[PDB]
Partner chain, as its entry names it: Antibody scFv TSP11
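Below you'll find only one chain, the form solved without the partner chain, shown as structure tokens.
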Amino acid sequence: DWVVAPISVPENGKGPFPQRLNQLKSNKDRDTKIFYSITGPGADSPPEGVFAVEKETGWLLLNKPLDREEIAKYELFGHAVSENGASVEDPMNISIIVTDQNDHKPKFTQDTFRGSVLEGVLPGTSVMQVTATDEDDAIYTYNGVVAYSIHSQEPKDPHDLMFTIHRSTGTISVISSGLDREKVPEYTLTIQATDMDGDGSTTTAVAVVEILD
């Protein structure tokens, strides 16, 4: 049984590189000199040379920082060969799981979202629902969890802050009375989406609200 438990490595490691991860050891090295090697995507096939193993010592090395959103999991195989050329172990399955950091900003699905209401809708009326996605994890962390907010409203008649947005759903609602198509037939809202549920970084898009006739 030549085996190694799965290894989890956060993306965007600071190093220094190369970074030791685990030492591969065959116990057949008491009988002879052993040369270690690694194969698989990330080792000997694309992306090549992300991982390596030190020939004499069997230290598995990470050569550069990982990116979860490029490759989230690696399956490599370790090999142990004697000086006389015989493989002395069955190849070792080496599992490497890349864990998340918050390194993607949210992205709105559209640059412009449009919706419309009747002029006489009451306060609390839902206008439209906007959406932003985030490529980071949102299962175990907030890296991928978006909070929505309104950035600003034009024009500011009959007053400002006439709309709100649901922080989690992105539903934009009317919160004031005083819509009047004859005075202001359309509002341009700049809307924001922020990750870490409001504590992280932020992107913007526009929502245009038409007051119907």
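Positions refer to the first chain, counted from 1.
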item	value
Comparing 84-92 with 119-127, the one whose average Cα B-factor in the PDB entry is higher	84-92
Between the two ranges 193-201 and 10-18, the one averaging a larger CA B factor in the entry	10-18
Top Cα B factor in the deposited entry, candidates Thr188, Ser26, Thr169, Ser173	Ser26
Relative C-alpha B-factor of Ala132, binned into the chain's lowest, middle or highest third	lowest
Cα B factor band for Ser177 (lowest, middle or highest third within the chain)	highest
Lowest, middle or highest third - CA B-factor, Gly40	middle
Third of the chain's Cα B-factor distribution that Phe77 belongs to, per the entry	middle
Third assignment of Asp160 from its chain's C-alpha B-factors	lowest
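This protein has a second form, the form deposited with the partner chain bound, left out of what is shown; the following refers to that one.
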| query | finding |
| --- | --- |
| The partner chain in the deposited complex reached by all of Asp157, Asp180 and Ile191, non-hydrogen atom within 4.5 Å | no |
| Partner contact for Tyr187 in the deposited complex: the partner chain, 4.5 angstroms, heavy atom | no |
| Interface membership of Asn63, the partner chain in the deposited complex, 4.5 Å heavy atom rule | yes |
| 4.5 Å heavy atom contact, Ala52 to the partner chain in the deposited complex | yes |
| 4.5 angstroms heavy atom contact with the partner chain in the deposited complex for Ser37 | yes |
| Partner contacts for 5-23, taking the partner chain in the deposited complex and a 4.5 Å heavy atom cut-off | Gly13, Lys14, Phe17, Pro18 |
| Pivot point of the rigid parts between the shown form and the other one (hinge, one of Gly178, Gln101, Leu61, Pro123) | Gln101 |
